[PDB]
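Below you will find one chain, with nothing else, as structure tokens; this is the form deposited in one PDB entry, and questions on how it binds or moves follow later.
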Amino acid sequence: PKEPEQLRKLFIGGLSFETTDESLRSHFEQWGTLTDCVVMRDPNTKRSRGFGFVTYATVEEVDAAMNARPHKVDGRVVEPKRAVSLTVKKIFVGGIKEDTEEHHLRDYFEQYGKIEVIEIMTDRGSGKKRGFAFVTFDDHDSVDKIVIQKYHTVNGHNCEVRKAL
């Protein structure tokens, strides 16, 4: 009953060209068991392409690694990102109807990351709630964690959530 491997993988950009499979692993093994750890290299020169990826045994380990940012690896600050299924900090939240308030969205989404803006949409002409909102976080990993979830339940409502611009 292991989580799908794609959800346990981190792309690591901005590597020092000195970083190896071995030094990448020794760094990121501090936050979990690594089943995979690869630095991308030119197939002819063997010179690093400056990025790679690691795969943890569990999603909780990915979370731990992401929560331990910033990561300085072989003297350079790198850029870890979760693997695809587009880096933004804002989400569209739809299906919240007219009874959902800012505290409902806050209490739920603050457990994904630090919120900077909550905007509940209202009709330009009437002021009535239109049934959707935008939430802006201080960091993209919150959004990445949010949009891979199959379901979101806020204030009893089943919500549609998607990345916003």
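Residues carry their position along the shown sequence, with the first being 1.
The segment from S85 to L86 is interrupted, since 10 or more residues of the deposited sequence in that interval carry no coordinates.
When 151-159 is weighed against 20-28, 151-159 comes out higher, by mean CA B-factor as recorded in the entry.
The mean C-alpha temperature factor is higher for 127-135 when 40-48 and 127-135 are set side by side. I96: CA B factor in the highest third of modelled residues in this chain (values from the PDB entry). When the modelled residues of the chain are ordered by C-alpha B-factor, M121 sits in the highest third. Sort the chain's modelled residues by C-alpha temperature factor and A68 lands in the highest third, per the entry. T35: CA B factor lies in the highest third for its chain, per the PDB record. In this PDB entry, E102 carries a Cα temperature factor that places it within the highest third of its chain's modelled residues.
Below, we turn to the form deposited in another entry, even though it does not appear here.
Three angstroms is the minimum change: in that other deposited form, the CA atoms of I148 and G50 sit closer than in this structure, by 3 Å or more.
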